[PDB]
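**Student:** Please read through the structure below; I'll follow up with questions.
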Amino acid sequence: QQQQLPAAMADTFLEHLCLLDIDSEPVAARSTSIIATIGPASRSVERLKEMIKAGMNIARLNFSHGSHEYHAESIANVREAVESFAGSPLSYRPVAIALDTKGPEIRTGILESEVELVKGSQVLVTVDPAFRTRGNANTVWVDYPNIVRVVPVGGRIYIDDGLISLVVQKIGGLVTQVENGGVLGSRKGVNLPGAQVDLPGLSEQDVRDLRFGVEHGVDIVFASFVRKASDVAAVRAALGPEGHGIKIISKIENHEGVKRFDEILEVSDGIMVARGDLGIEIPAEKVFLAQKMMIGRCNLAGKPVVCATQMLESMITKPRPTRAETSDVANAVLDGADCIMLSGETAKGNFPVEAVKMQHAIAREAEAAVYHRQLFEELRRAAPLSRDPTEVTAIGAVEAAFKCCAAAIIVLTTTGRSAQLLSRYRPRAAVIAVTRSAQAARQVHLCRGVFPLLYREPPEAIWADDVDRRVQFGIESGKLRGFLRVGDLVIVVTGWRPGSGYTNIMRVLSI
Amino acid sequence: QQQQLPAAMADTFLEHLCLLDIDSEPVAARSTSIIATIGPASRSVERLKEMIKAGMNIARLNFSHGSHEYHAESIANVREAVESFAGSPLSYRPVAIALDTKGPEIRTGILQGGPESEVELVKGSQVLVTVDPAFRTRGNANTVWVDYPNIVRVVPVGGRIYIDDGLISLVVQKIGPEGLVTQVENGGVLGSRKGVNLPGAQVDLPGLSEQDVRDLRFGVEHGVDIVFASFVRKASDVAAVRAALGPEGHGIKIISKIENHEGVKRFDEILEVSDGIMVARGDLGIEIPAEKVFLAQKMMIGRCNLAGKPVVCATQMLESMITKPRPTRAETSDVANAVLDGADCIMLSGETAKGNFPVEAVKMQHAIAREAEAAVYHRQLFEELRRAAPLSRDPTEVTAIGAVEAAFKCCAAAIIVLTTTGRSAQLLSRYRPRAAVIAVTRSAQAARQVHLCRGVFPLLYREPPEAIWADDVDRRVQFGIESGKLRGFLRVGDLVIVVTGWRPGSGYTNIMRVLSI
Amino acid sequence: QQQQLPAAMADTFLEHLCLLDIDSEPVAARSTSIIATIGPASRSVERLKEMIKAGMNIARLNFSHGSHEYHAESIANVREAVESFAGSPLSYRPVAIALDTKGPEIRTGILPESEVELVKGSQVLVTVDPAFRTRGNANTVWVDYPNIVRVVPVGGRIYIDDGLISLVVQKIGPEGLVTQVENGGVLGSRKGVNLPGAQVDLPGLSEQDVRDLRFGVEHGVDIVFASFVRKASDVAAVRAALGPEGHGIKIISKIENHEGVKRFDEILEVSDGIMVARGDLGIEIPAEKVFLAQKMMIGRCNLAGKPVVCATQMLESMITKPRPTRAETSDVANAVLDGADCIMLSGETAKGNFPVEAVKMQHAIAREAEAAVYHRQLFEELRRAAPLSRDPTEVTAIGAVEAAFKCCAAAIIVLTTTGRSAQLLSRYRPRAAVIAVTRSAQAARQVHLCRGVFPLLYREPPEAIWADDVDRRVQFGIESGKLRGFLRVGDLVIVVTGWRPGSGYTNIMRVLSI
Ligand SMILES: O=C(c1ccc(NS(=O)(=O)c2cccc3cccnc23)cc1)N1CCN(CC2CC2)CC1
Ligand SMILES: O=P(O)(O)OC[C@H]1O[C@](O)(COP(=O)(O)O)[C@@H](O)[C@@H]1O
Ligand SMILES: O=P(O)(O)OC[C@H]1O[C@](O)(COP(=O)(O)O)[C@@H](O)[C@@H]1O
Ligand SMILES: O=P(O)(O)OC[C@H]1O[C@](O)(COP(=O)(O)O)[C@@H](O)[C@@H]1O
Ligand SMILES: [Mg+2]
Ligand SMILES: [Mg+2]
Ligand SMILES: [Mg+2]
């Protein structure tokens with residue numbers, strides 16, 4: 024038997040693990056979405072076509088660098104590559120565009140010149156506007172005046188990707206001692222571990238970039254350095270009434286964010302575990318604790334969570350990943366991540382397509398290895414009772430799919446919500462979501478197991494005929510894509526009237 | 024909060040028990056069907072109307088006694104009482120009729136003194152069990168004749184022989200050509216033609232008696248809904264019952280009564296070929312040690328729960344109420360624990376057939392069952408039935424498990440299902456939803472027969488089909504809604520799950536819908 | 024094959040039930056203690072010897088009726104029967120004596139054995155006029171509780187004589203409550219009255235109760251079943267009446283009415299244990315609800331690690347018949363499965379025609395039911411519900427129960443002075459018998475309240491070296507278990523002892539082969 028089915032009906036998690044079989048081949052479609060970061064290695068139209076075919080679902084624009092015109096041509100190239108497949112609607116794969124904000128930052132001043144900060148020496152952190160350019164071996168200027176007031180005596184300041192460490196010995202600027210020394214250049218990043226950083230939820234650059242995103246029709250914003258619900262409120266307000274339909278994924282990057290996670294998740298559409306900056310702000314050996322916690326809570330809430338950063342790092346230069354990297358991707362999927370991410374592996378590396386292919390393969394294997402027995406039971410016990418017919422129908426459809434080992438659940442959705450409520454219970458069966466909304470077809474990639482199909486045909490005269498035509502579009506797209514076959518059982522989820530919010534019908538159909 | 028919902032949301036079985044509340048009042052309709060035995064105390068049309076109103080769901084005809092004409096008048100009176108309520112279709116309660124077979128028997132002989140004569144079997148004395156036809160009418164204090172010759176090859180030295188409902192006990196001292204020389208372990212007064220039980224013995228009786236063949240044909244001829252097959256030891260016994268019912272009685276449900284050691288040990292084989300099971304604790308407690316009966320009961324109900332087939336707990340549940348208006352604490356406990364064990368139906372025998380408080384007995388079983396149904400620990404029960412039920416490609420069963428899951432998700436007041444044969448309602452009942460399973464059907468026999476499944480409330484729809492089939496489906500769903508509203512089980516604002524099919528005819532159930540009332 | 028072990032290794036409760044086997048024979052000794060009510064049918068020394076051999080562990084004296092001299096005679100006869108077996112120390116069975124208090128009551132008036143019939147469907151006047159005190163008849167009942175006329179509305183029910191007679195109030199007036207007989211019957215003089223759903227205010231201890239508790243202390247009873255406990259103050263009154271000399275007496279609070287059920291937690295907190303007194307309870311609350319109350323209280327008692335008693339009408343038909351009904355066997359078995367530490371017989375042993383047979387039947391059923399316990403889920407839930415502890419006795423106890431489960435130990439042998447180490451073992455419900463060796467005669471009797479504790483009274487003076495005396499007591503437990511059939515050569519046993527003499531220092535678990 025395939026799909027790790029021999030291990031699926033185990034009575035314990037230990038027995039489940041013991042029964043996993045490297046000869047049990049994955050048969051279902053890949054459910055964990057792949058976010059690929061755009062850069063020189065992944066900007067050309069032909070390369071992006073290759074990456075779409077490889078399995079890329081979300082194109083990420085890192086607004087930490089690059090002009091507005093650079094990102095506009097990035098969007099143009101991505102959209103050209105995506106729409107080259109629009110001529111075959113039954114095979115067209117929607118691809119989302121995500122804007123990753125530069126975010127609030129603390130930077131040192133200008134001293139290609141560099142100076143050495145020696146361990147055991149005294150170094151003054153100053154915010155005097157006069158020191159913008161006068162950096163020294165014992166003097167560091169920062170563009171964050173209120174730094175003087177948020178890092179106590181005994182507090183630490185991290186400079187240049189955590190390579191340099193300073194400990195405040197005396198306050199009043203902040204007189205520090207070099208704990209970990211090194212060579213410092215100009216305008217390097219500063220992190221304040223354990224501190225309440227008092228920067229606004231959005232920088233001015235962030236405001237301009239978000240207006241750019243709205244004007245260019247991006248689907249998702251990965252909001253950097255989110256520490257509280259008010260940061261998400263600021264992002265949402267800057268997006269304005271024009272960007273209300275855009276999904277906001279809050280990036281948790283520092284201690285405050287992790288500790289205030291509940292209030293952040295409550296006001297966000299989803300979460301990104303930004304392990305890079307997190308491993309600068311908190312001890313590296315603790316990052317996994319953060320990851321599994323956040324993923325766990327996101328799974329409970331039914332909201333997407335993205336595991337990010339250095340998943341396949343070695344593939345920046347070599348054609349095959351390390352054993353730790355394959356393990357990390359598989360374990361992110363097993364933790365419960367809806368999406369996995371590649372950064373330098375696709376933006377600048379020498380094997381972007383190969384890295385996408387690797388994440389696809391690992392994710393498929395790991396999704397097949399999920400212990401649906403206990404996972405479903407715990408999601409059932411923790412999700413609160415609900416009188417909303419969409420959620421009632423969703424849990425009934427997932428239960429039915431598990432009962433008959435359905436090849437898929439085909440759901441009609443306008444906004445994506447019905448597919449997301451199906452996915453929150455983590456069915457083994459693919460959730461094929463037929464929609465006329467192009468933006469929803471792109472945004473549902475954030476939810477594990479949702480396979481978007483964009484319907485283009487004009488509405489039929491009789492709504493019931495239109496519903497059935499969309500259902501058959503789901504069937505024929507699944508058949509052509511090889512995931513659906515004659516004789517299979519499927520679960521079909523629809524609603525009793527037109528418009529979003531009225532899903533209330535579950536059907537069992539044979540092909 | 025009501026319906027024992029605080030105990031329903033418990034994380035462990037112990038906490039569930041700790042959270043039960045005598046002030047939490049039950050809200051769902053009573054789901055465990057009540058079988059009442061018809062007799063002198065419960066034969067008049069008016070009495071039967073009272074018993075229907077009190078909650079009787081199945082009228083049981085005990086063919087151990089009574090002529091064909093007696094049982095025909097019993098059937099006519101039950102049907103008159105049932106149909107007196109037909110004038111209000113939204114409140115009409117179907118009532119099933121079950122034929123309980125006499126079954127194969129072993130009987131003693133007629134005593135020498137004559138029909139109205141008695142002889143004393145003295146504890147500690149020698150008694151010859153003989154099958155010589157010359158002693159047929161030669162019964163005395165030291166010799167008992169039986170109409171079952173092979174007794175001499177099924178009771179070895181050390182075996183027990185029970186006479187008159189277990190009142191007399193014998194242990195075989197030696198075996199020989201004259202018969203079994205035994206000594207009286209339990210003595211007593213013996214009459215003529217008394218019943219014999221052979222505990223632990225492999226009995227060779229046919230599985231269906233000749234009078235049984237005839238009585239089953241009376242059943243088919245009078246349209247009985249269910250047969251309680253007595254003394255089933257074999258798949259072959261129930262197969263013989265099935266053959267005797269013939270092609271004309273193919274729609275009649277066969278409930279096999281397990282009454283001795285063989286049946287309990289052979290249980291799976293009987294269950295495989297039967298529509299359901301009766302735990303016949305009366306004869307069982309003579310055939311096996313009384314202190315073991317509960318084991319058999321919990322085993323059998325369990326397996327029936329596993330198989331999705333009805334199981335009936337039977338006999339002496341409210342025994343003291345044959346003479347008293349209130350039951351003993353053990354009796355109420357027994358009814359409640361029969362519900363908790365997982366029984367679909369409970370039974371009354373002497374309590375309704377001959378007792379002085381038949382209607383009150385029905386009312387007490389109703390009250391207790393309602394409390395106990397509220398006390399079910401649905402979390403673990405549903406999870407275990409899910410884990411034990413095999414995967415299925417039958418759309419009716421897939422729809423059933425999805426509908427029950429949904430009903431649990433929204434605390435649905437009911438699951439409304441359209442069914443022709445009852446099968447869709449039974450597949451819902453097998454997963455034991457807290458929500459009532461309201462089954463709308465045009466089949467009067469199916470409306471009667473679905474009472475065997477816990478939680479199925481049958482409604483007989485009578486209006487001819489609408490011109491458009493979908494309009495007819497919607498009209499039957501609305502009929503279910505209005506019946507539930509009038510009967511107090513549904514109110515405005517409730518959620519219900521609606522289970523339908525994609526085309527007319529039995530076997531095409533595949534649709535579940537979430538609707539607000 | 025046996026002790027229902029095939030069902031013991033089940034993965035679900037449903038599968039556990041499916042795996043039960045009537046051919047799987049119980050092998051362990053009977054762990055649920057049996058309380059027998061003493062009466063005319065069970066007062067002679069010879070009869071009591073029969074009942075001890077049948078399995079009686081606790082003798083209950085019902086002080087609702089009978090003089091002090093009568094109960095003294097009961098005590099003397101029970102003790103004579105018990106000590107007649109002391110000549111074989113390896114087989115001697117301790118037996119506890121429990122005093123069941125009369126409790127506060129509401130009673131009808133005096134009509138000696140004159141009787142009147144209250145006919146169903148007739149009119150009956152319930153009066154509290156002191157002029158009608160002695161004028162009871164077929165249409166008039168006087169009651170010694172004046173406020174009855176103010177707490178029973180129209181439609182309210184009044185039960186008379188252990189619930190045998192039922193009246194429903196039709197009209198209320200200055201003369202009293204005009205009622206209709208709902209359930210009729212024969213009424214004697216001064217019969218008990220119950221007011222279901224009424225808020226009745228009665229003293230927590232009567233004067234007769236104080237004297238009866240003094241009698242109990244003076245005669246060395248081990249347990250008091252305190253009747254009609256509704257709040258912690260009632261058990262405090264019982265404890266105070268027992269006085270400084272009766273500090274060692276165990277208080278089992280009888281829950282018999284609505285208030286007791288609602289205030290259960292506070293009562294259990296101050297009590298040694300609980301009796302689900304289903305007789306009065308089933309009159310005080312609706313009959314169809316008693317099982318809820320029962321399963322709740324037993325559950326909480328199991329949660330608390332305190333003994334709980336299931337009582338009344340368990341084998342009622344055996345008052346007149348030599349065999350019980352199927353419901354009665356079911357009731358005993360399900361009381362054991364619910365988690366009761368003790369089961370009880372009342373009229374079945376006090377006045378019925380088959381007292382020894384009732385004891386034997388409860389013994390057989392209890393053995394069968396104990397084998398059918400689903401220890402996997404039961405142990406896991408008790409472990410997760412029991413608090414973490416730094417007390418070495420409780421730590422050792424849970425370790426020893428885990429060990430016994432791991433090797434299917436035939437017994438856990440424990441040395442105990444007060445019974446506490448045995449009780450902490452019992453709280454985790456081992457399949458293995460907890461064999462408790464003690465020098466305390468009173469503790470040997472009292473530990474019968476704890477399921478699975480088999481008390482052995484050690485009589486030999488201490489050995490010179492304390493470790494030798496410990497080893498000798500352990501070997502005494504072993505040899506008693508061998509002679510009584512609970513232990514065989516090749517069995518494994520868990521042995522629980524302490525590092526120094528005196529109660530409270532249990533801290534050692536050892537694995538031994540027989
Ligand atoms: O009180 C009960 C009891 C009995 C039946 C009952 N029924 S139930 O519907 O709630 C139910 C739930 C969980 C699994 C089940 C499996 C098959 C049937 N019914 C089940 C719920 C509770 N006990 C069962 C036997 N113990 C004994 C053993 C643990 C020590 C405890 C008592
Ligand atoms: O998941 P959403 O956004 O609530 O969309 C579900 C909706 O889709 C439908 O199935 C189809 O609606 P449309 O015809 O408007 O596309 C509705 O019946 C249902 O309410
Ligand atoms: O429970 P059963 O006997 O399979 O009946 C279920 C059937 O009832 C229906 O809902 C109604 O069918 P009818 O119109 O033929 O009565 C069918 O769609 C479905 O197949
Ligand atoms: O259960 P209890 O009352 O604490 O008794 C346990 C005690 O029994 C013993 O095993 C034996 O003590 P003694 O020698 O004083 O009887 C002690 O080591 C232990 O503290
Ligand atoms: Mg950052
Ligand atoms: Mg029979
Ligand atoms: Mg009492």
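Chains as they are written, first to last, in the authors' numbering: chain C, 24 to 134, 139 to 199, 202 to 540; chain B, 24 to 540; chain A, 24 to 134, 138 to 540. C-beta atoms are modelled at their ideal positions from N, C-alpha and C, and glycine is treated no differently.
Go through the stretch 215-296 of chain A residue by residue and report every complete run of the alpha helix (DSSP H) that reaches 4 residues or more, in order.
**Tutor:** 233-244, 258-268, 284-288 and 290-296
**Student:** So the alpha helix (DSSP H) residue 385/A belongs to, where does it begin and stop?
**Tutor:** Position 359 of the third sequence, counted from the start, is the residue given in the question as residue 385/A. 381-397 is the span of the alpha helix (DSSP H), which, as asked, contains residue 385/A.
**Student:** With a threshold of 6 Å on Cβ separation, who are the neighbours of residue 449/C within its own chain once the five nearest residues in sequence on each side are excluded?
**Tutor:** Residue mapping note: residue 449/C aligns to position 420 of the first sequence, counting from 1. 476, listed in sequence order.
**Student:** Kindly list, in the order they appear in chain B, the residues whose Cβ is closer than 7 Å to that of residue 476/A.
**Tutor:** Taking the third sequence and counting its residues from 1, one reaches residue 476/A at position 450. Within 7 Å Cβ-Cβ: nothing; residue 476/A doesn't reach chain B, min ~18 Å.
**Student:** Compare the C-beta of residue 425/A against all C-beta atoms of chain B and say whether one is closer than 8 Å.
**Tutor:** Along the third sequence, read from residue 1 onward, the residue named residue 425/A stands at position 399. So, not an interface residue.
**Student:** Would you check if the stretch 488-499 of chain A and the stretch 87-106 of chain A touch, i.e. whether three or more CB-CB distances between them fall below 8 Å?
**Tutor:** no
**Student:** What are the residues of the stretch 327-351 of chain B that lie near chain A, defined by any Cβ-Cβ distance shorter than 8 Å?
**Tutor:** Near chain A, meaning a CB-to-CB distance below 8 Å, the residues of the stretch 327-351 of chain B are 328, 329, 338, 339, 340, 341, 342, 343, 348, 349, 350 and 351.
**Student:** Using the three-state DSSP reduction, which class does residue 72/C fall into: helix, strand or coil?
**Tutor:** Walking along the first sequence from the start, residue 72/C turns up at place 49. Note: residue 72/C maps to helix in three-state DSSP.
**Student:** Could you tell me the boundaries of the alpha helix (DSSP H) in which residue 29/B lies?
**Tutor:** Numbered from its first residue, the second sequence carries residue 29/B at position 6. Note, residue 29/B: alpha helix (DSSP H), 28-31.
**Student:** Could you give the uninterrupted runs of the beta strand (DSSP E) lying entirely in the stretch 503-529 of chain C, keeping only those of 3 residues or more?
**Tutor:** Counting only runs that start and end inside the stretch 503-529 of chain C, the beta strand (DSSP E) elements of at least 3 residues fall at 518-524.
**Student:** Where does residue 165/A sit, in a helix, a strand or coil, going by DSSP?
**Tutor:** Translated into positions along the third sequence, residue 165/A becomes position 139. In the structure shown, residue 165/A sits in coil (DSSP, three-state: anything other than H, G, I, E or B).
**Student:** Under 9 Å Cβ-Cβ, which residues of chain C neighbour residue 534/B?
**Tutor:** Taking the first residue of the second sequence as position 1, residue 534/B is located at position 511. Those within 9 Å of residue 534/B in chain C are 534, 535, 536 and 537.
**Student:** Mind checking if residue 417/B is an interface residue toward chain A, Cβ cutoff 8 Å exclusive?
**Tutor:** Position 394 of the second sequence, counted from the first residue, corresponds to residue 417/B. Cβ-Cβ to chain A under 8 Å: no for residue 417/B.
**Student:** Check this for me: beta carbons of residue 378/B and residue 121/B, under 8 Å apart or not?
**Tutor:** Position 355 of the second sequence, counted from the start, is the residue given in the question as residue 378/B. Position 98 of the second sequence, counted from the start, is the residue given in the question as residue 121/B. Taking 8 Å as the Cβ cut-off, residue 378/B and residue 121/B do not qualify as a contacting pair.
**Student:** May I ask which residues mark the beginning and end of the alpha helix (DSSP H) holding residue 110/C?
**Tutor:** Mapped onto the first sequence, residue 110/C falls at position 87. Element bounds for residue 110/C: n/a, residue is neither H nor E.
**Student:** Please confirm whether residue 421/B has its beta-carbon closer than 8 Å to some beta-carbon of chain C.
**Tutor:** The count along the second sequence starts at 1 and reaches residue 421/B at position 398. Judged by the 8 Å Cβ criterion, residue 421/B is in contact with chain C.
**Student:** Rounded to whole angstroms, what is the Cα-Cα separation between residue 421/B and residue 415/B?
**Tutor:** What you label residue 421/B is simply residue 398 of the second sequence in a count that begins at 1. What you label residue 415/B is simply residue 392 of the second sequence in a count that begins at 1. A straight-line Cα-Cα distance of about 7 Å links residue 421/B and residue 415/B.
**Student:** For residue 434/C, does the three-state DSSP call read helix, strand or coil?
**Tutor:** Looking up residue 434/C in the first sequence gives position 405. The three-state secondary structure of residue 434/C, taken from DSSP, is coil.
**Student:** Note down, one range per segment and in chain order, each beta strand (DSSP E) of at least 3 residues found wholly within the stretch 450-476 of chain C.
**Tutor:** 459-464
**Student:** Would the beta-carbon of residue 404/B be found less than 7 Å away from any heavy atom of ligand 1?
**Tutor:** Locating residue 404/B in the second sequence gives position 381, where the first residue counts as 1. Yes, the Cβ of residue 404/B comes within 7 Å of a heavy atom of ligand 1.
**Student:** Determine the direct distance from the alpha carbon of residue 159/C to that of residue 227/C, and round the result to whole angstroms.
**Tutor:** In the first sequence, the residue the question calls residue 227/C occupies position 198. In the first sequence, the residue the question calls residue 159/C occupies position 132. Those two C-alpha atoms are separated by around 20 Å.
**Student:** Does the stretch 230-245 of chain A come close enough to the stretch 213-221 of chain A that 3 or more CB-CB pairs lie under 8 Å?
**Tutor:** no
**Student:** Between residue 303/A and ligand 7, is the CB less than 7 Å from at least one heavy atom?
**Tutor:** Locating residue 303/A in the third sequence gives position 277, where the first residue counts as 1. Within the cutoff, so yes.
**Student:** For residue 210/B, which of 198/B, 200/B and 186/B has the nearest alpha-carbon?
**Tutor:** Here residue 210/B is taken as the residue at index 187 of the second sequence, counted from 1. Minimum Cα distance to residue 210/B is reached at 186/B.
**Student:** Could you round the C-beta distance between residue 231/C and residue 267/C to whole angstroms and report it? I think they count as a contact, below 8 Å.
**Tutor:** Stepping through the first sequence from its first residue, residue 231/C is reached at position 202. Stepping through the first sequence from its first residue, residue 267/C is reached at position 238. At roughly 5 Å, the Cβ-Cβ gap stays under 8 Å, so residue 231/C and residue 267/C are in contact.
**Student:** What are the partner residues of residue 205/C, as DSSP defines its beta bridges?
**Tutor:** Numbered from 1 along the first sequence, position 176 holds the residue referred to as residue 205/C. In the DSSP output, where bridge partners are listed per residue, residue 205/C has 150/C and 195/C.
**Student:** Within 10 angstroms of its Cβ, does residue 332/C collect 16 or more other Cβ (buried), or is it exposed?
**Tutor:** Reading the first sequence from its first residue, position 303 is the one you call residue 332/C. That one is buried.
**Student:** Can you check whether the C-beta of residue 308/A is within less than 8 Å of a C-beta belonging to chain B?
**Tutor:** For the purposes of this step, residue 308/A is taken as residue 282 along the third sequence, with counting starting at 1. Judged by the 8 Å Cβ criterion, residue 308/A is in contact with chain B.
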